[PDB]
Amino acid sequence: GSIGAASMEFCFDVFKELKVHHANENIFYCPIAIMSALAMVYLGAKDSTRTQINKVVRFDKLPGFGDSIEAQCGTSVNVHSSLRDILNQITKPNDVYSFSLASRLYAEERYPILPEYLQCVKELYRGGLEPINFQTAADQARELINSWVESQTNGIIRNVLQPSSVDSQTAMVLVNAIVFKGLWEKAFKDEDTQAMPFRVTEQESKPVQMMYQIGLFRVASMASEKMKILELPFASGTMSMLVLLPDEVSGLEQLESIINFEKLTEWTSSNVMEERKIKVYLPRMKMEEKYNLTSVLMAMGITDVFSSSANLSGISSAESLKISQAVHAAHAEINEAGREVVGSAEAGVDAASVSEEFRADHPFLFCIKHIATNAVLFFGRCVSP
């Protein structure tokens, strides 16, 4: 449809799969980065390999994804526009946030690559495709890969490929790693951050650095679902963080069952949300998770790429090229830093007068979105900040 709708539906499909396998843990991933890793594959994919991707990853009627347009890969700025526009906007140097994307296919050097796919994927994608010797020097190849990621991510994402996840037999490895740091519009003051208990369960607490401010924020109270949603804008008005906080320390299970694109949209509508002065408590958070994309996508219906049945004819003519490993790694730190702070006097008066709070001191969901398109950039479950 549109990139907003497509990333969100994709996001909740992945979430359904991951919540299976990661109960009572933090979850954090970047749907947009995953989409762009797969777009790259999609480009050279054919037949059933291609149709599986399209159905799962929602590529269908996005602007810039048709086979007619794709055919023009080398020579047209329209190809994959809908996705490339967001990546381009978020990866550009700027003064209020930083994204680092390290996303690449590593292909065994013995397989011959179509000159006109290398060119295509280089035009549209950064990282693209890189040839490498798995056949005679896997642990070397693994070191190369790891050290490219660590370099492109400012040393943050280390040992993306674990030992003996490549070997002489590896054909092609997908690597997709992302770091984000942004400033709030309204900073929390460091002096206001305090140790407070985070209630993981009813019967269990862990002390965390809890940030605090009073400010004018958009909030919705969904009494029917027993929850509240807060929106915290990032500086320069192109992204925001939504935090979905169940009333009860263990209301998460329910929310996770019901949440979907339609529900998120309903809950965050103009209609429902209103700007109020509120006391905000939010943990400082350092989210980092790494997922095996093979297991995930394969439960979702993408199977051919990872096997003998792969048709990647648009990439190599070499019959046996498939995806051997596919990893996603996402890192974000959430802390005080922002552009503006309220005067003290103001806050003292506020303190006195404001009674409503949003106290995120128990598990919550969060989503970072691009405002304009409603694209989901990051989605997570915070159980242990």
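Numbers follow the displayed sequence, beginning with 1.
- As the entry records it, the average C-alpha temperature factor is higher for 141 to 149, out of 176 to 184 and 141 to 149.
- A summary of the deposited B-factors shows that, of 267 to 275 and 299 to 307, the stretch with the larger mean C-alpha value is 267 to 275.
- Looking only at 333, 336, 356, 350, the residue with the top Cα B factor in the deposited structure is 350.
- Of the candidates 54, 36, 324, 68, the deposited coordinates give 68 the top C-alpha B factor.
- Sort the modelled residues of the chain by CA B factor and residue 22 lands in the middle third.
- When the modelled residues of the chain are ordered by their C-alpha B factor, residue 280 lands in the lowest third.
- Residue 341 sits in the middle third of its chain by CA B factor, as recorded in the PDB entry.
- Among the modelled residues of its chain, residue 111 has a C-alpha B-factor that falls in the highest third according to the deposited record.
- Among the modelled residues of the chain, residue 125 sits in the highest third by CA temperature factor in this PDB entry.
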